[PDB]
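Inspection log for the structure reproduced underneath, given as structure tokens.
Lettering of chains follows the sequences in order, A, B, ..., and the numbering in each one begins at 1. Scope of the values below: all heavy atoms of this structure, side chains included, with no hydrogens, waters or symmetry mates.
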Amino acid sequence: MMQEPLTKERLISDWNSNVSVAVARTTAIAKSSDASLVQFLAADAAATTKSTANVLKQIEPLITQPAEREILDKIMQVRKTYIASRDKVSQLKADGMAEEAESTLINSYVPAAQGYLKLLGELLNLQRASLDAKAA
Amino acid sequence: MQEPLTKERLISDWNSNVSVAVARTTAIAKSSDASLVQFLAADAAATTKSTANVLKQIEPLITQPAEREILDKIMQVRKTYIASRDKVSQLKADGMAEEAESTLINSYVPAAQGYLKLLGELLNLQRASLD
């Protein structure tokens with residue numbers, strides 16, 4: 001059974017929210033012809049990725065059992081791809097290279113974001129099941 | 001324990017939806033390109049339908065006078081919020097680019113902030129039950 005499942009569930013809820021926010025923001029950036037939009041959203045984007053960095057600092061020590069450790073390792077590998085593609089979409093759009101940004105969005109960012117959210121859901125499912133198994 | 005836990009989970013989904021909509025609406029307002037209104041419209045409709053579904057799910061689970069008071073206030077604030085959200089997109093579609101930005105700042109964001117504050121208050125009632 002997962003230990004401290006409720007604490008991890010709350011941290012993953014915030015993490016999921018941050019990913020969902022960043023996906024909405026990056027998608028809007030990629031599809032707008034306004035190259036300056038990435039600059040006008042940059043402080044908000046920095047706040048969202050910092051919030052996840054903080055979640056990671058809190059949650060990593062609490063992820064202990066093999067099933068949740070295996071998922072966390074998978075999340076960290078996909079997150080590397082996700083961050084590289086997010087930053088590339090943003091740089092291309094800032095640089096006026098709109099077609100390349102749109103191509104990167106679909107070819108790289110979207111699959112990485114979808115995998116990131118799917119793995120976060122697998123991680124959450126482990127926690128929720130453990131908590132629901134002790135609730136009574 | 002199960003009832004406040006289910007409500008906490010629903011409120012966390014609701015909070016995510018509002019947070020996503022605030023980011024999306026902010027991008028629509030600040031983009032000089034008004035085409036985001038149409039290209040993001042189905043994603044925005046899905047985020048707001050998701051919240052409509054959470055509202056239907058959580059209603060039968062409301063048990064306490066303070067929950068009901070907060071939910072009633074959320075319904076009022078959500079009306080103000082939805083009108084302003086929709087107005088940002090209508091202004092962008094109508095070519096009123098500067099007014100879309102000013103309406104974001106002076107109407108949509110304050111309503112969203114009050115909406116999130118109330119969701120936090122509703123969430124804290126569940127945390128109190130779980131502690």
Side-chain angles (χ1 to χ4, degrees), chain A residues 9-10 12-28 44 47-48 51 113-114 117-118 120-121 124-125 128, chain B residues 3-29 36-64 66-93 100 103-104 107-127:
Chain A
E9 172 169 346
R10 291 170 170 167
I12 299 164
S13 177
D14 286 352
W15 196 352
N16 263 328
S17 179
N18 291 347
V19 178
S20 300
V21 167
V23 169
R25 183 175 295 129
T26 301
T27 299
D44 293 346
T48 300
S51 173
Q114 288 175 346
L117 287 164
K118 196 179 142 199
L120 281 171
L124 181 63
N125 283 345
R128 285 169 164 180
Chain B
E3 278 200 339
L5 180 57
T6 293
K7 282 180 282 194
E8 167 162 350
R9 291 167 168 164
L10 289 170
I11 295 164
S12 289
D13 290 333
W14 195 348
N15 264 329
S16 175
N17 292 345
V18 177
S19 299
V20 167
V22 167
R24 185 174 296 128
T25 303
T26 295
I28 287 169
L36 292 184
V37 174
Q38 194 182 8
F39 279 86
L40 305 180
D43 289 343
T47 300
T48 200
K49 177 178 186 48
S50 176
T51 289
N53 285 341
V54 170
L55 274 162
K56 287 177 181 73
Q57 297 175 293
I58 202 169
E59 162 64 29
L61 305 177
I62 300 293
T63 55
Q64 298 174 326
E67 295 176 316
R68 181 58 68 192
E69 184 181 85
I70 290 167
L71 189 54
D72 285 345
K73 185 61 157 198
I74 288 171
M75 300 311 292
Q76 295 174 315
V77 169
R78 179 172 171 257
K79 292 181 189 185
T80 303
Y81 166 92
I82 284 175
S84 67
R85 186 195 67 190
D86 290 352
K87 180 91 166 162
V88 166
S89 274
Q90 188 61 238
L91 289 167
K92 284 298 296 169
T103 294
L104 182 83
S107 299
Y108 177 75
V109 167
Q113 286 171 336
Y115 195 169
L116 288 160
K117 182 177 165 216
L118 285 157
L119 288 172
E121 295 174 355
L122 193 63
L123 174 60
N124 289 341
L125 295 176
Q126 317 311 321
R127 301 212 158 152

Would you check if B/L61 and B/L10 make a side-chain contact, meaning some heavy-atom pair closer than 4.5 Å?
-> yes
In Å, rounded to the nearest 0.5 Å, how long is the span from CG of B/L122 to CZ of B/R68?
-> 10.5 Å
Starting at CG of B/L119, measure out to CD1 of B/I74 and round the result to the nearest 0.5 Å.
-> 4.5 Å
Heavy-atom donor-acceptor pair, B/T48 side chain to B/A44 backbone, under 3.5 Å = no
Nearest heavy-atom approach of B/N15 to B/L123 is ND2-CD2, 4.4 Å
Measure the CG-CD1 distance between B/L91 and B/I28 for me, rounded to the nearest 0.5 Å.
-> 12.0 Å
Using side-chain hydrogen bond (donor to acceptor under 3.5 Å, both in side chains) as the criterion, list what pairs up with B/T80, not counting sequence neighbours.
-> none
Those residues that, when tested against B/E121, pass side-chain contact (heavy atoms from CB on, under 4.5 Å) (two or more places apart) | B/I70, B/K117, B/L118
If you look at every heavy atom in B/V77 and B/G114, which pair is closest and at what distance?
-> CG1-C, 4.2 Å
Of all heavy-atom pairs linking B/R24 and A/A24, the shortest is NH2-CB, 3.8 Å
How far does CG of B/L104 sit from OG1 of B/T26, to the nearest 0.5 angstrom?
-> 4.5 Å
Which heavy atom of B/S84 sits nearest a heavy atom of B/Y108, and at what distance?
-> OG-CA, 3.2 Å
In terms of ring plane angle, is the pair B/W14 and B/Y115 parallel, tilted or perpendicular, where the classes change at 30° and 60°?
-> perpendicular
Write down the atom of A/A28, the atom of B/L40, and the distance for their closest heavy-atom approach.
-> CB-CD1, 3.7 Å
Can you establish whether the number of heavy atoms outside B/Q64 located under 6.0 Å from its atom CD is more than 12?
-> yes
B/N17: partners by side-chain hydrogen bond (donor to acceptor under 3.5 Å, both in side chains), with sequence neighbours left out = B/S50, B/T51
Looking only at heavy atoms, which two atoms of B/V88 and B/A29 are closest? And how far apart?
-> CG1-CB, 3.8 Å
The salt bridge (charged side-chain N to carboxylate O under 4.0 Å, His left out) partners of B/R78 (sequence neighbours excluded) come to none
B/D43 and B/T47, any side-chain heavy atoms less than 4.5 Å apart = no
Nearest-0.5 Å distance, CD of residue B/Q126 to CD1 of residue B/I11 | 4.5 Å
Side chains of B/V22 and B/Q113 in contact at under 4.5 Å (non-hydrogen atoms) | no
To the nearest 0.5 Å, how far apart are CD in B/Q90 and OG1 in B/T103?
-> 11.5 Å
Taking B/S16 for the side chain and B/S12 for the main chain, is one N or O donor matched with an acceptor at less than 3.5 Å?
-> no
Contacts of B/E67 that satisfy salt bridge (charged side-chain N to carboxylate O under 4.0 Å, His left out) - sequence neighbours left out = B/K7
side-chain hydrogen bond (donor to acceptor under 3.5 Å, both in side chains) involving B/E8 - partner list, sequence neighbours excluded = A/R10, B/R127
